[PDB]
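First comes the structure, then the notes that go with it.
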Amino acid sequence: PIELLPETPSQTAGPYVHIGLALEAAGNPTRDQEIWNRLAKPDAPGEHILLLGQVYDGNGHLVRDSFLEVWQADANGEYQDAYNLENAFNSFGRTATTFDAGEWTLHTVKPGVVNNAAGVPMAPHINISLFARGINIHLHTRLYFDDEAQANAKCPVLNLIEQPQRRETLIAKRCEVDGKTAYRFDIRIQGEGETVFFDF
Amino acid sequence: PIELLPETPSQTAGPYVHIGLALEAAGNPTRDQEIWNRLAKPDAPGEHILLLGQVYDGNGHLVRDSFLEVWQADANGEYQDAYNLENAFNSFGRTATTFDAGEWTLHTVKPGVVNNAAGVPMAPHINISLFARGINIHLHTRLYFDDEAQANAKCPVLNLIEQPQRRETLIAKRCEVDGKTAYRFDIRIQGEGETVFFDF
Amino acid sequence: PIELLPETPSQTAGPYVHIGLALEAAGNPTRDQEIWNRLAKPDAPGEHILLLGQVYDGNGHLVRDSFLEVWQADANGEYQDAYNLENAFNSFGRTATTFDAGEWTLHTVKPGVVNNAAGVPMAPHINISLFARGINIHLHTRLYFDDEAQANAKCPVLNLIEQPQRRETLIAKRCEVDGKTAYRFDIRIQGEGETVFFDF
Amino acid sequence: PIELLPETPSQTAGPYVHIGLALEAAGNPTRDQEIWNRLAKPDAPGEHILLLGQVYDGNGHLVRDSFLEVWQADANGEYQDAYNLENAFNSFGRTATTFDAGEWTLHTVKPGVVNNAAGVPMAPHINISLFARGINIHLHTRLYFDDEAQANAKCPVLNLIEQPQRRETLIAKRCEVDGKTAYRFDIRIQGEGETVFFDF
Amino acid sequence: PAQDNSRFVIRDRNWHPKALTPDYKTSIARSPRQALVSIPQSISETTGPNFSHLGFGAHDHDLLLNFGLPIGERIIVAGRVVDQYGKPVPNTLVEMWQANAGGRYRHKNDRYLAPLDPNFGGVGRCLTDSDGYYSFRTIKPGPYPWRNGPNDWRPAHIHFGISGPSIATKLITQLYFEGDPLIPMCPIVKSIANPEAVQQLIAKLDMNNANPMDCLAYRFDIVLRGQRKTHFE
Amino acid sequence: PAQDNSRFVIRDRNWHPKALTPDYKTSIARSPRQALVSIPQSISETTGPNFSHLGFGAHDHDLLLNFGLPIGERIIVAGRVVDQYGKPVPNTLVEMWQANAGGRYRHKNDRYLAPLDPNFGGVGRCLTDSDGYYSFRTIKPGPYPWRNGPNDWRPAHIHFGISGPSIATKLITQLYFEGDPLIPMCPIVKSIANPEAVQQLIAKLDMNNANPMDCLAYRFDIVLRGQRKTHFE
Amino acid sequence: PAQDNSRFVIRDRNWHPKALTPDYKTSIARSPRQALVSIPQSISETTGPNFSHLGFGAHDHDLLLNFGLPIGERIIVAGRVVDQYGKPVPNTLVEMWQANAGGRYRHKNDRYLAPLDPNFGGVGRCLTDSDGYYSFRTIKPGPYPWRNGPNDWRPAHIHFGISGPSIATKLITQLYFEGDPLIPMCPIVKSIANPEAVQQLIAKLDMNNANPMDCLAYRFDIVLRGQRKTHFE
Ligand SMILES: O=C(O)c1cc[n+]([O-])c(O)c1
Ligand SMILES: O=C(O)c1cc[n+]([O-])c(O)c1
Ligand SMILES: O=C(O)c1cc[n+]([O-])c(O)c1
Ligand SMILES: O=C(O)c1cc[n+]([O-])c(O)c1
Ligand SMILES: [Fe+3]
Ligand SMILES: [Fe+3]
Ligand SMILES: [Fe+3]
Ligand SMILES: [Fe+3]
């Protein structure tokens, strides 16, 4: 067979990942421009939401040194790749869990619908990559919203998960924080209620 | 040491096993003669019973593509090896789980007692081989009956299972299906209440 | 010494060449545009001629599966390389022998004179590549006209053929087909009167 | 691939082949029982014929040290494999050419029709194997009769020879020797009118 | 009835694929976590069904005719069934199933976009002869993409099931074709740790068994657990 | 018009198959006995047709659609056309033809008993791009028995014809599939004396080019005679 | 009468010597220039004579007694005739001829200056037994000069003719003696391209079959085309 150059192998982000990707969190001075957890400016169009969650290890203990990266479409079902601190909305963001209580947060808008390669619409979702010490190669997952059951039931992606019970691990539960729309998304890396992780 | 020719390696049966060994299930036309789940004809001596079960994977989910082969003695404790559709009773049979509910059934007679190689009687039992996708090499088990407690307690085979709690996994629970004697034997491939599997 | 990448090796075209390069002959439906045996349209400048021939193997038998490609200058001695079906004249064409009689035909115009790399004029000629089953690598030849005796005698290419008797194998014999100017060029692949073939 | 034991390689019979297979010809005393050129006893059923011919080399010179072996069906289209000097007819025989004039002869009967593997009748024929010094591996051929044109035209075997002119090299020409039916079959090993040789 | 007169060579569980082979996804949740319990052989295990009297149809072993002609490479798959001691296994049941020329199976659950062949079923069964010989006639199956990794393709293969003399010898396996570059890439093939074992699964081109101008042939011999007589028991 | 501005690296007639290769029967009577006459390159030989303006149909290169769906292994055959100096050959004509999945050709003269596939023609053509890339989509052809020796079978193969920049570069060849055990046995393949040359004819499995759950891919690059500018002539 | 029940493995024409082998001068004009025409096996090719009822004399296989004693090395030449599948070929006809201890044949045309042996003929025949075994008793032939190149010497050899089950298996060969230095110089021997093939023609000294204080022995096994039953025809 045809063999291409091998891709550089992944390595754990390690415990100090914040020094490089979450300056504040590390408790270090940041720079003028930083990629953080606020994808939408209060005046961005769409239904503004607050996302939050915890990450648990195989023993049910909180993972407090995890780093997350998100990619989502804007309210029009559009990916805004030209990242700029001036935009009202950015498709990309970064978050990390607290060395205390250990909860991450993201301020964005609910994503519009995008079609898969075959032309079939996927349910509104947020793509997530999870990094942390002990994680050799980052984990891919998606966040779906419990208030979009109709769409979720027809997602070509959710529908690829053999077992219905596992599909549920990807659904964020709507709530409200200070009379603000919120969705909680807990990630269980291992064991009971273990979240669905993808390969693409 | 002496080495013989190596045995051909096993491979999983795959998900399409039915097209080859369970035509009906496959949803294909069958041939004149087929090996199926009816070991005894109504006019066969012995206590006529219906066996039924489900197969569970390690996540607690039904294995709906499993294939099973059974080997048992007739009511007089004799192994009838000359397979023939004209026979009132055949010692061999085949069954599979439904892609729906995922339950297999077998129509037979409660087997008589047979002695091990040392001349010690074994409790009435049905030998079972389980095949399916994800199973590299078929699993061997035995089905004993809860109504043969006295014999079960003295079985030289059951007694080889170190932990008594493990022996219980091999006991089918007597019941009735449409007011007819039946025994339920569920197989847990992995995890909690995992079924004992043998090597011979 | 310096070695470049090796050229991909030739393979015979096989007996089914027609399905790929001569659809009609294959007995298959053709596409909108096909490269065939009509180099000139009636309104093309030059002396309109019909070329025809047979191909013989070493036993004196017709090669009825041969495939030929031709390259010639227009009447003004110019090579028209931009192939187009709209053109009054195309420098390139293709023909094949009939599975019956085994004769190929080509509708063209007598080519003008062209100079070799040293600035010496070559007698009017048609370049031909012959392909068929049993031919590992295509044979190269040239078709000159018996009515261009004066030019033929001075041709720097013809003159490279050591034996004068061999030069005669390259001369098409002028004739008339349905009272129209034609030239017959038979190719003897091997044996008596074997056609000169070039390497370039 | 699967490789079997290799077959022992052939070697030329050499010039002295008669010492072993044609005792008389060698000019040596024969034994009580010898395999020779008279397949049919004068009282054998069928149309008794006399076969004769010469063998030529590539230069048109006679091959005077050749040895031939024949296999044919009896007049009923039957192969008589149990060889016995007592039978009226034997399917097998041997002949050799004269160190003088160099002509072989065989006394037999005209073979009946036999069907090929597909069930199609072959024209009456005599299978021949030719051996001689200079011949590394013996040559296979068949003898057909010119008076069976109808059958010859439909033979599945003759019909495998691409070129009609080559089919003719296998047809023996009827004649008469001393008012006895005869067919002459000359074998040209190489060149002009070269006989068709088979591989099976 | 059947009688306890034989013992079977113990299986080498390091030669066969292991239960848990993570690259083959399905095996994760379908593999026991507890050790297999070793038990001594008895009549229950040393006996098995004899299929000598099953009523076999005339084309049970001819996939070209048992279901027009199917499209694909006409081949004959033949071989012998012997035991570890090299002893033929006569009158044994050999069953097989495969995809069509395009890698489509004639099964409800198969959604692969390659089409079904109207003249092809995919099932064959043959009882071995006195010498342990079996043969089938079919078309060479095509590779089949499956949801394991994102770009996983099964090498062309034919599923085989062999009965042998007891439930102890019973085996389910897969045949692969000589030279197929997909072989070394398959996570199912790779479930087998010894490269030497993998080779046993590769059918070899058999020009000697081919029907000139008709069909090619593949040779595939199967070795079942060795059968010995009991001694000093 | 075309102009004489190029010279082509002389062909290595010991790399290419020779005219007379007796094991391939047909070559006996179809091979010249006299030596080829070497001639200097001129405009006649250094020029050739440009197919940039031929009107190509939308599925000219898609054998799956250009003729239902055909039965067989869906594959993509792609590669690049470069010259001996490693220089891409842009806007060049690549034409191909092959048998069906069973080794049957859609040609009058083909009498092989394997059936035609109603949805398969066997012809494709593609003009290479700016980088010298071409691609086709088809089904992998099957082996084909032919009347050479008594049991001769062609390895599965696709016939290729490439134009290049002049009549001097024009080539007709055959692609073979990686691992096919019939390769080393073919008298046509064996017409080529250097094993190294044979390797150039073998398309390699290309998992990187495959369409997951759809079709596999084979890589086949073609090297044409090297083109240089004339100097000191 | 005979029946069409068998098929014979196609011969390997690259294993046996080719027709034209120029160093063997006489092959030049006695080899066909056209290719052989391949034909399917039929009853005509798959049957042949059975010599079981031929009336062999008692000393037919004993060259020491079949023509005083011959002068020369007394030896036994024995071996077995098997087919390519390694199966014995019982009741088959084996014939041999050779020169005397000095390289002279008892043939008109032999004018070599080495004298004839009054007690030696040089011909023998034997029908193989149930096990495919044959044996002759003779004297070891001497090398023979021949008009090929100016100083050519045939190594000591015995000519053999073997029938087998059909005319498809019939073969003529030569046996050579272990370690003779002439073997590698012989043009007839050299007609065989593969040195591995040459090896099959060499009889090995066999001390085990020798008669102490009497004669030595050489072992020569012969392999005829593999015979198989027809299938799926
Ligand atoms: O995974 C860890 O624990 C670890 C510790 C320290 N460093 O420097 C790392 O890069 C990783
Ligand atoms: O185990 C599986 O998932 C599998 C899928 C498809 N085929 O063809 C198999 O043989 C096995
Ligand atoms: O040269 C031939 O005879 C031949 C036959 C069949 N195929 O497929 C070829 O490619 C070549
Ligand atoms: O072919 C020949 O000329 C030849 C001469 C002598 N012997 O002994 C042979 O075996 C063969
Ligand atoms: Fe670090
Ligand atoms: Fe499968
Ligand atoms: Fe071809
Ligand atoms: Fe000799």
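Sequential numbering from 1, following the chain as shown.
Per the header: X-ray crystallography, 2.1 Å.
Cβ atoms here come from the backbone N, Cα and C positions, even for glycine.
Same-site candidate for Fe cation binding, as annotated by Swiss-Prot with G:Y105, G:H157, G:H159, chosen from G:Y85, G:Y144: G:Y144.
In the three-state DSSP classification, G:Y105 (Fe cation binding site) falls within coil. The subset of binding-site residues G:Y105, G:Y144, G:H159 lying near chain D, with Cβ atoms under 8 Å apart, consists of G:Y105, G:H159. Sequence-distant contacts of G:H159 (Fe cation binding site), defined by Cβ-Cβ distance under 8 angstroms and a gap of at least six in the same chain, are G:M96, G:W97, G:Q98, G:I172, G:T173, G:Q174. Non-local neighbourhood of G:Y144 (Fe cation binding site): G:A99, G:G103, G:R104, G:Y105, G:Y112, G:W153, G:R154, each in the same chain, at least six residues away, with C-beta under 8 Å from its C-beta.
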